[PDB]
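Participant: Quick one: the structure is below, questions incoming.
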Amino acid sequence: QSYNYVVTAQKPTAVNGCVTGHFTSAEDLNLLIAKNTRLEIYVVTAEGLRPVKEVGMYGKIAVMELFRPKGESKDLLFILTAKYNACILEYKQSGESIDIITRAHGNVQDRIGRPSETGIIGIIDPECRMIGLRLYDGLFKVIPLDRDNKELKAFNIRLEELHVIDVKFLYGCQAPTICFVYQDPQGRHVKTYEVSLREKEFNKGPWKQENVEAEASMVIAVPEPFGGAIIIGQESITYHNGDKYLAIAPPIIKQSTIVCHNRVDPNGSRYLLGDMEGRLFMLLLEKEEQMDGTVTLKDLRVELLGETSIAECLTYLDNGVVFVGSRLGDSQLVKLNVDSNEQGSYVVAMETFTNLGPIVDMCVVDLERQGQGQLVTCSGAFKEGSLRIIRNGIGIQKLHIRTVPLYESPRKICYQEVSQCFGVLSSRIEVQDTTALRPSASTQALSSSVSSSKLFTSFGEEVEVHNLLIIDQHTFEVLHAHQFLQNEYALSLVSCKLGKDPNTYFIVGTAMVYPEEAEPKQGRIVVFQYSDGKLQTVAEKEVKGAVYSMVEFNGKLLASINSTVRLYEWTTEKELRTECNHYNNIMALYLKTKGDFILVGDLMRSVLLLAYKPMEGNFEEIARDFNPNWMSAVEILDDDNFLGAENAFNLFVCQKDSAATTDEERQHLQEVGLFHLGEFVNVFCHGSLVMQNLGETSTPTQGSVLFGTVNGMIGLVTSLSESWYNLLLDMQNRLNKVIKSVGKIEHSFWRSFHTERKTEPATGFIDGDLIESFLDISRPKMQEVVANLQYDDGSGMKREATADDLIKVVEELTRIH
Amino acid sequence: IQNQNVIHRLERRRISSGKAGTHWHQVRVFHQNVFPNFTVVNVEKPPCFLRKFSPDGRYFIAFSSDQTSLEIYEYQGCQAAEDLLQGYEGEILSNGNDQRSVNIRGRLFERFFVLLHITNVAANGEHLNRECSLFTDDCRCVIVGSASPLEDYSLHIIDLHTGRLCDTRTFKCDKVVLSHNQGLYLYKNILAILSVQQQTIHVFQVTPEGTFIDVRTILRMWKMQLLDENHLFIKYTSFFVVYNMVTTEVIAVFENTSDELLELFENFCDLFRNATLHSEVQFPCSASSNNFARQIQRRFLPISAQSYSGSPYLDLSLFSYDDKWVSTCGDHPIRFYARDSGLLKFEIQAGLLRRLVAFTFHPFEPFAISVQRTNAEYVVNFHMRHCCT
Amino acid sequence: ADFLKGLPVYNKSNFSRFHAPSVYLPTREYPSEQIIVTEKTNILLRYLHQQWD
């Protein structure tokens, strides 16, 4: 039916979690980084980070903990995946050969149980007695770390609280004691329990429940001799240890929320904190010794050290070097200095690590007109927002990324070849008096304009100012900046000729956004012409809703205003005029076209295929997918195959069943392909990053669709012939036997389609990573794979395959990316 | 004040997928933006008794006027009638004298539901039970039944996609409470039938292809529930018993007023409910799993099969609403406010602008029907999302 | 800044020569010593069995 081939051009780059320990031996200090499905292992040396290994896992790493139980010479690594595959791994080395063995593996998924709002939480006792997992509301799963038993019996303890914010294991307890923050109708409180493995229960905790700040959201376990725990909220920081209780409310931290923390000293005298604005604080615990030699807390003191990237995770490595793992921007290796620099900051950056995520929008442009596609992406958010230009080539061929920082959030991008410029929607945050928080690109433009439309909050609130930026294509300098009306958000952006008008216009769909209203009730379709270095509002149309997406459709304007898909004609007086409407939608978020066909991707109703009838001047619903899915991107592979990425990290392909006999059966699209990508796809676009020379006609694939995801991943989807699909599916089945997985997760289980409503094995898709991994296994193993396999050598008949045949076949497959 | 506007949530979703395991709530919160904000009154309705949607929501079940044939419709979606309502800005479509209003009320039902199959299953003078309907985990088939006096009872399994009757069992002398799935229970392709007159519990597993295979046959029994494939929960009269049919051992007994029984129910009401067994990712709402649900329960068995819809608008984690009417006729419309800010979001009203009332929500879509029933007269209204553009 | 002296040091030479990876392809079948199995019976019935004791 559908024969697709999915491969990765750029591996995920967004850092999800960072840990440090003694993993490779008892003497190396290892930094372990989880980039979605990847686990990177570096050794801290005199030269910095020495990349030692990289492990691909068959799941999304949610938890990463290093623990060294008694009787172990070095650390074991616990990894839980998003499909609940749990694996305890040991790093083993035999000189030149590195073996990452799986000490234990299992699946800890529970069929019944509501996923918690705050997500998967995995903690390990300081004495390495147990692993605790918060996966569902009112349940705590305990995995005891025994040695003699053949099986690790993980059991559940009923957790009385139902809304847990954060859990931790306390230090200095003769029994494993947990401390957690929970929310109830009475507010937020902090509680402690003790884990009894024999009774399989929770006994009363060491110290009492306490009412805490309304925004208390982080729990830190302070090691001995201090003990206790620090509860961190939005406006105050508290310390609780039995009857001992301290609390401070520093005015410096009130601006934004602290999201990550790390322990600097082994005894917990100093902690690192990072907040959403990108600032780095040092929490200090001042100790006082009693006459009997005991050590007790005296006061808490917070200092501001400077600004870093927006930190998803922090990890103090050594000698004042801190790894700032960023999700919205480039990760960093930064150094804390004793004395501040000229700018009054103790923090000085040393190294930066590229992060393409979140890829919010992207376009394929032949900038140099050499016939090769370059990818221009709107990456990052807040002060990290930028444009990334991605080329394929030699500095072997790799991907080369150039960064153009904007210091504000880019939303949409479109390319206007006649003007030799890009149009970028962007937004920035201002404090209501409104004043800009920091200088950005929308404020350093050479020339700027403000909306003059007359067609249409408390102190301290944050308001978004949206701008349309005209950006040069050579220097990537912000030529022009157009600030829209107050409380107006620019959502969609297209660049097209309209009607018989020879002028190329930028077209922006906007909306009026107020916090109390659930949905926009007004919007504008504004047609600008960028000429003479100046942007002028050629036309503007008031519409009754947010213009979510617009695409040029055979010289007309196809727009989506709330649940309406409207067609506009560009008249002779150069104003828009409605031609036809299609109202049957919940929310027409995504629009694609091919010929006279429109693929509408809805918020929750999957895809729908309409056709414009030229001789009637109206739409007609050709067919629609009746399986509900939460789309995030749509694409039309060909006239009968429609691709779609949904919310739970899955890809599917629907087919216009032309073989149906009744018009009723032709109204349904059949889900001919299912696949679990493991990424949230933001953008699909037709194109390729490689040279499409005349000699490339020998490729067995047809089509090429790039997709950009939140985690900085870039992937490629192509189509195979039936015989090629069969051959590569046989390859898949045999490689699933030859290659053993880290953590021992079955590839078929990993790639299986899995949503809130259904779970089916992947069909009509060929994992390109697994197929390309065939080229690097040992030659005896290749003989094992190729053995007894039947191959069509090209003479029209089938023979016994040889290694060179399938080597050249796969070599041809890897020439598509 | 927090940003409730859907555009904020869309942009936030684009730039971030949240922590691991949270991507389900990132879309569950969208039901606070898109809701059934419009109501059409007194829609023309075919001669059939509507029952409910399938767990996946694709199909709709009705019982014909002959009470011997089952009607299977395909649900076209909650946007199926958007074009008919243009220009009618407002919250309700008042029952008026204008020809457009009566035209809309005459076209709406056929817009929303399309007849697929009419399968005559009843025979020998038996009649289908109005309230008996169970669905398989794959949602490929539906379980129906047909019939203090005693009569011959019959159970059938019907493929929904194709309409073909798959399998049927008969019981010459049987007394089962087929109404509201009282004498029937389904859990993970395990079907249990409860014969009160014969003091019997009978077990089968159902095949994915839709056939019955016998498993086993086992103060007085009153009702039944199945905790899992290894444990029954029986009533006696009251006394509750949890028992194992594999080991034939009584596990536990309880008195109806016992306190440890009450606390265990408070602890595992979710496990007793089995709201959304038809999928691996579940979102139950009960006193056992929600702050507000436990608050209402504390401020104030056995559970019927599939009795709880998984509608997100009925989820207390998202919407504040009065608990009296929806989990006689409601004297007032039911209002739904947001949990985050408390602002009013949408009203639902079953009455024309005592009588029995019934409310049906789509398991996920912003669509609902309301039925008012009397001794001989019915009236149905449609609540659905609507915008004017 | 008196709060930044004496930062923890593991090796005095780490990052002292700083200036501004191979994929692991497992092929040898190494059998896992333990397997992480969950309690097959759910929490309610497990609690009932425990209380039966």
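Ordering of the structure tokens sets the chain letters (A, B, ...); residue numbers start at 1 within each chain; ligands are numbered from 1 in the order shown.
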Please provide as a list in words all residues within 9 Å of residue C:16, with the sequence filter that same-chain residues fewer than 6 positions apart are discarded (counting only C-alpha atoms).

Facilitator: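 Here the qualifying residues turn out to be residues 45, 46, 47, 48 and 319 of chain A.
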
Participant: Please return, as a ChimeraX atom specification, all residues of chain B lying within 8 Å of chain A when only C-alpha atoms are considered.

Facilitator: /B:1-7,14-17,19-25,27,32-33,56,58,76,78-83,267,271,277-284,288-292,295,365,385,387-389

Participant: Would you put the residues from that selection into a file with N, CA and C atoms, as a compact mmCIF listing (two decimals), in the first residue's frame?

Facilitator:
# COMPACT_ATOMS: atom_id res chain seq x y z
N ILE B 1 -3.38 36.68 36.99
CA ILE B 1 -4.13 36.26 35.81
C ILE B 1 -3.24 35.45 34.89
N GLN B 2 -3.72 34.29 34.46
CA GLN B 2 -2.96 33.40 33.59
C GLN B 2 -3.56 33.38 32.20
N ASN B 3 -2.71 33.16 31.20
CA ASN B 3 -3.13 33.16 29.80
C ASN B 3 -4.01 31.95 29.48
N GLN B 4 -5.31 32.18 29.36
CA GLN B 4 -6.25 31.13 29.02
C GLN B 4 -6.47 30.99 27.52
N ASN B 5 -5.97 31.93 26.72
CA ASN B 5 -6.27 31.95 25.30
C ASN B 5 -5.58 30.79 24.60
N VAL B 6 -6.28 30.21 23.62
CA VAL B 6 -5.78 29.01 22.96
C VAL B 6 -4.50 29.29 22.18
N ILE B 7 -4.27 30.53 21.76
CA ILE B 7 -3.07 30.83 21.01
C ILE B 7 -1.84 30.69 21.89
N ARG B 14 4.22 24.44 20.61
CA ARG B 14 5.21 24.44 19.54
C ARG B 14 6.63 24.52 20.07
N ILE B 15 6.88 25.37 21.07
CA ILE B 15 8.27 25.59 21.47
C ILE B 15 8.73 24.56 22.50
N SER B 16 7.80 23.84 23.11
CA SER B 16 8.17 22.89 24.15
C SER B 16 7.14 21.78 24.25
N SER B 17 7.62 20.56 24.45
CA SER B 17 6.75 19.41 24.69
C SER B 17 6.67 19.05 26.16
N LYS B 19 7.86 18.19 30.21
CA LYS B 19 8.63 17.11 30.80
C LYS B 19 8.23 15.79 30.15
N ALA B 20 8.99 14.75 30.47
CA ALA B 20 8.71 13.44 29.91
C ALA B 20 7.44 12.88 30.54
N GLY B 21 6.55 12.35 29.69
CA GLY B 21 5.30 11.79 30.16
C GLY B 21 4.19 12.79 30.38
N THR B 22 4.39 14.06 30.00
CA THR B 22 3.38 15.09 30.19
C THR B 22 2.68 15.48 28.90
N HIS B 23 3.04 14.88 27.77
CA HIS B 23 2.50 15.34 26.50
C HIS B 23 1.01 15.04 26.36
N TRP B 24 0.45 14.21 27.24
CA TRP B 24 -0.98 13.97 27.18
C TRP B 24 -1.77 15.17 27.71
N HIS B 25 -1.30 15.77 28.80
CA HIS B 25 -2.00 16.92 29.35
C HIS B 25 -1.85 18.15 28.47
N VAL B 27 -2.34 18.40 25.52
CA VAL B 27 -3.49 18.46 24.64
C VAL B 27 -4.80 18.28 25.38
N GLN B 32 -10.47 23.01 27.47
CA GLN B 32 -10.92 24.23 28.12
C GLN B 32 -11.04 25.39 27.16
N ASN B 33 -10.58 25.24 25.92
CA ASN B 33 -10.75 26.26 24.90
C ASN B 33 -11.87 25.92 23.93
N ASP B 56 -14.18 4.10 21.10
CA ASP B 56 -13.39 4.95 20.22
C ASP B 56 -14.23 6.03 19.55
N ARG B 58 -16.33 6.03 17.03
CA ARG B 58 -16.59 6.04 15.60
C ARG B 58 -18.05 5.72 15.30
N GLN B 76 -20.18 11.27 12.07
CA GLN B 76 -19.48 12.07 11.08
C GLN B 76 -18.61 13.16 11.68
N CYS B 78 -18.26 16.40 15.01
CA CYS B 78 -18.98 17.52 15.60
C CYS B 78 -18.97 18.76 14.71
N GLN B 79 -18.20 18.75 13.64
CA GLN B 79 -18.22 19.81 12.65
C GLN B 79 -19.15 19.49 11.49
N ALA B 80 -19.93 18.41 11.59
CA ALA B 80 -20.70 17.91 10.47
C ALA B 80 -21.82 18.85 10.03
N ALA B 81 -22.20 19.82 10.85
CA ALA B 81 -23.30 20.71 10.50
C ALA B 81 -22.92 22.18 10.62
N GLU B 82 -21.64 22.51 10.51
CA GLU B 82 -21.21 23.89 10.70
C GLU B 82 -21.78 24.81 9.63
N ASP B 83 -21.84 24.34 8.38
CA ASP B 83 -22.28 25.20 7.29
C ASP B 83 -23.75 25.57 7.42
N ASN B 267 -9.56 4.22 48.36
CA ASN B 267 -8.20 4.06 47.85
C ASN B 267 -8.18 3.59 46.40
N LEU B 271 -9.54 1.68 40.37
CA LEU B 271 -9.44 0.29 39.95
C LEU B 271 -10.81 -0.36 39.87
N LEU B 277 -10.63 1.02 29.64
CA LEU B 277 -9.84 -0.18 29.41
C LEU B 277 -9.44 -0.36 27.95
N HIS B 278 -10.16 0.27 27.02
CA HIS B 278 -9.93 0.02 25.60
C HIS B 278 -8.60 0.57 25.10
N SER B 279 -7.76 1.14 25.96
CA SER B 279 -6.45 1.60 25.51
C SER B 279 -5.47 1.55 26.67
N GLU B 280 -4.19 1.56 26.33
CA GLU B 280 -3.13 1.48 27.33
C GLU B 280 -2.89 2.79 28.05
N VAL B 281 -3.11 3.93 27.40
CA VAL B 281 -2.98 5.24 28.03
C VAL B 281 -4.37 5.67 28.47
N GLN B 282 -4.58 5.75 29.78
CA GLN B 282 -5.88 6.02 30.36
C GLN B 282 -5.87 7.37 31.07
N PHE B 283 -7.05 7.97 31.18
CA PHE B 283 -7.25 9.20 31.94
C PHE B 283 -8.52 9.08 32.77
N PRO B 284 -8.49 8.28 33.83
CA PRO B 284 -9.68 8.14 34.67
C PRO B 284 -9.88 9.35 35.56
N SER B 288 -10.67 8.24 43.81
CA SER B 288 -9.41 7.55 44.07
C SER B 288 -8.21 8.21 43.41
N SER B 289 -8.43 9.15 42.49
CA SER B 289 -7.33 9.69 41.70
C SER B 289 -7.36 11.20 41.50
N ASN B 290 -8.29 11.93 42.11
CA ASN B 290 -8.37 13.37 41.90
C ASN B 290 -8.55 14.09 43.22
N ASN B 291 -7.95 15.28 43.32
CA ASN B 291 -8.10 16.10 44.52
C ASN B 291 -9.54 16.53 44.72
N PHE B 292 -10.14 17.12 43.69
CA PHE B 292 -11.49 17.63 43.81
C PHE B 292 -12.50 16.50 43.93
N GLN B 295 -12.44 15.44 47.36
CA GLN B 295 -13.02 16.50 48.18
C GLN B 295 -14.54 16.42 48.19
N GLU B 365 -14.70 14.26 21.39
CA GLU B 365 -15.05 15.43 20.59
C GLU B 365 -15.92 16.41 21.37
N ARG B 385 -19.82 22.47 19.19
CA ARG B 385 -19.01 23.64 18.97
C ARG B 385 -19.54 24.41 17.78
N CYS B 387 -18.87 28.36 15.64
CA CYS B 387 -18.31 29.69 15.48
C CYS B 387 -18.97 30.36 14.29
N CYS B 388 -19.04 31.68 14.33
CA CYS B 388 -19.49 32.47 13.19
C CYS B 388 -18.31 33.21 12.60
N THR B 389 -18.13 33.10 11.29
CA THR B 389 -16.97 33.67 10.63
C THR B 389 -17.41 34.52 9.45

Participant: Taking only C-alpha atoms into account, report as a PyMOL selection string which residues of chain B lie within 8 Å of chain C.

Facilitator: chain B and resi 251-252+268+271

Participant: Restricting the output to C-alpha atoms, write the selected residues as a PDB file, in the first residue's frame.

Facilitator:
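Okay, this is what ended up in result09.pdb:
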ATOM      1  CA  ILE B 251     -10.241 -14.006  49.561  1.00  0.00           C
ATOM      2  CA  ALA B 252     -12.204 -11.536  51.676  1.00  0.00           C
ATOM      3  CA  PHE B 268      -9.036   2.080  44.699  1.00  0.00           C
ATOM      4  CA  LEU B 271      -9.440   0.289  39.954  1.00  0.00           C
TER       5      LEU B 271
END

Participant: Write out as a PyMOL selection string which residues come within 12 Å of residue A:474 when counting only C-alpha atoms, dropping same-chain ones fewer than 3 positions away.

Facilitator: chain A and resi 367-368+389+404+419-422+471+477-479

Participant: Hey, can you check how far atom CA of residue A:152 sits from atom CA of residue A:64?

Facilitator: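 Taking atom CA of residue A:152 as the start and atom CA of residue A:64 as the end point, the length is 18.5 Å.
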
Participant: Would you give me, as a list in words, the residues in chain C that DSSP reads as helix (DSSP H, G or I)?

Facilitator: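 Helix (DSSP H, G or I) members of chain C, listed: residues 43, 44, 45, 46, 47, 48, 49, 50, 51 and 52 of chain C.
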
Participant: Please report the interatomic distance between atom CA of residue B:360 and atom CA of residue B:317 in Å with one decimal.

Facilitator: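 Atom CA of residue B:360 sits 19.6 Å away from atom CA of residue B:317.
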
Participant: Which residues, written as a list in words, have at least one atom at most 10 Å from residue B:269, with only C-alpha atoms counted and residues fewer than 2 positions away on the same chain left out?

Facilitator: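 Using only C-alpha atoms, the neighbours found are residues 262, 263, 264, 265, 266, 267, 271, 272, 273, 274, 285, 286, 287, 288, 289, 301 and 303 of chain B; 44 of chain C.
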
Participant: Excluding same-chain residues fewer than 6 positions from residue A:676, what lies within 7 Å of it counting only C-alpha atoms, as a PyMOL selection string?

Facilitator: chain A and resi 649-651+751-754

Participant: Go ahead and save the picked residues with C-alpha atoms, as a PDB file, in the first residue's frame.

Facilitator:
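Result saved to again04.pdb:
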ATOM      1  CA  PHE A 649       5.327  11.475  18.613  1.00  0.00           C
ATOM      2  CA  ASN A 650       3.840   9.335  15.842  1.00  0.00           C
ATOM      3  CA  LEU A 651       3.827   9.488  12.051  1.00  0.00           C
ATOM      4  CA  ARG A 751       8.755   1.658  16.687  1.00  0.00           C
ATOM      5  CA  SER A 752       5.191   0.527  17.401  1.00  0.00           C
ATOM      6  CA  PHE A 753       2.472   3.101  16.886  1.00  0.00           C
ATOM      7  CA  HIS A 754       1.277   4.086  20.337  1.00  0.00           C
TER       8      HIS A 754
END

Participant: Quick one: residues within 9 Å of residue B:188, only C-alpha atoms counted, chain neighbours fewer than 4 positions away excluded, as a list in words?

Facilitator: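 Final neighbour list, sorted by chain and number: residues 136, 137, 205, 228, 229, 277 and 278 of chain B.
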
Participant: What does the file look like for those residues with C-alpha atoms, as a PDB file, in the first residue's frame?

Facilitator:
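This is the output file part_22.pdb:
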ATOM      1  CA  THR B 136     -14.858  -5.105  23.105  1.00  0.00           C
ATOM      2  CA  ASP B 137     -11.378  -3.731  23.745  1.00  0.00           C
ATOM      3  CA  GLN B 205     -13.136 -15.015  26.685  1.00  0.00           C
ATOM      4  CA  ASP B 228      -9.504  -9.058  37.078  1.00  0.00           C
ATOM      5  CA  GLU B 229      -9.333 -12.408  35.304  1.00  0.00           C
ATOM      6  CA  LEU B 277      -9.839  -0.183  29.411  1.00  0.00           C
ATOM      7  CA  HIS B 278      -9.930   0.024  25.601  1.00  0.00           C
TER       8      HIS B 278
END

Participant: Which is closer to residue B:210 than all the others in B:135, B:243, B:222, B:361, using only C-alpha atoms?

Facilitator: B:135

Participant: Considering only C-alpha atoms, can you say which of C:9, C:23, C:1, C:35 comes closest to residue A:103?

Facilitator: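 Smallest distance to residue A:103 is found for C:35.
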
Participant: From the DSSP assignment of the backbone, select every residue of chain C that is strand (DSSP E or B), and format the answer as a list in words.

Facilitator: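 DSSP-assigned strand (DSSP E or B) residues in chain C: residues 23, 34, 35, 36, 37 and 38 of chain C.
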
Participant: Just C-alpha atoms for this one: save the residues we selected as a PDB file, in the first residue's frame.

Facilitator:
ATOM      1  CA  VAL C  23      28.639   5.211  18.093  1.00  0.00           C
ATOM      2  CA  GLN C  34      18.421 -10.115  36.258  1.00  0.00           C
ATOM      3  CA  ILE C  35      15.083  -9.000  34.853  1.00  0.00           C
ATOM      4  CA  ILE C  36      12.899  -6.226  36.272  1.00  0.00           C
ATOM      5  CA  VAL C  37       9.443  -7.776  36.543  1.00  0.00           C
ATOM      6  CA  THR C  38       6.547  -5.967  38.160  1.00  0.00           C
TER       7      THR C  38
END

Participant: Just want the 7 Å neighbourhood of residue A:791, counted on only C-alpha atoms, with same-chain residues fewer than 5 positions away dropped. Output as a list in words.

Facilitator: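 Returned residues: residues 798, 799, 800 and 801 of chain A.
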